[PDB]
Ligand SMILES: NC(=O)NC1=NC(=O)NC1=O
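Form solved without the named molecule, single chain, as structure tokens, below.
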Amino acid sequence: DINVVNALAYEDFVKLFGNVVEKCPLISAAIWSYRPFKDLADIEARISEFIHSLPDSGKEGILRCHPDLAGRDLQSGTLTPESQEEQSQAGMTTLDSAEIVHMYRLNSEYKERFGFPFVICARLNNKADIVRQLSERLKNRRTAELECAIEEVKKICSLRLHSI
């Protein structure tokens, strides 16, 4: 109900919406300045607009706040609740020993090339399509890749918003 959302104290808005962009409560906190919102689509558009206003370093910064697929945080149970549910849904918590080693190698190569983690909308992908995209995007130019990765962040945000 957008009416209840529109009446929220910023403290409660930030609590509810503070992880729609992974570990970036600043973004959701910022857009509360634009209330009242017409609907959830309005919130979505405002978030997208905010992200796009950032310098490229800000965009790379958002990416760097994300955990690796199947990496150290998954393995040690220190993912955010949303990342945990997304990674598990995409097959990341039932990978076999060879599958884990492979994801480590791919992630390593990606972060070395681009200087930020591999981000994908896990809810919209399975194991196989994730491996495929990791390899494909590895071939991209930095400028094109940053755009690709931020689009994934926006898809994740949209799904998280609609889960609240």
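Numbering starts at 1 and runs along the sequence shown.
In what follows, reference is made to the form deposited with the named molecule bound, a form of this protein that is not presented.
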Spell out, yes or no, whether the shortest heavy atom distance between residue 46 and the named molecule in the deposited bound form is within 4.5 Å. no
Should residue 110 be classed as touching the named molecule in the deposited bound form when contacts are defined as heavy atoms within 4.5 Å? no
In the deposited bound form, residue 121 touching the named molecule (heavy atom, 4.5 Å): yes
Check whether residue 156 has any heavy atom within 4.5 Å of a heavy atom of the named molecule in the deposited bound form, and answer yes or no. yes
Of 113 to 121, 25 to 33, 52 to 60, 94 to 102, which is the one stretch near the named molecule in the deposited bound form, taking non-hydrogen atoms within 4.5 angstroms as near? 113 to 121
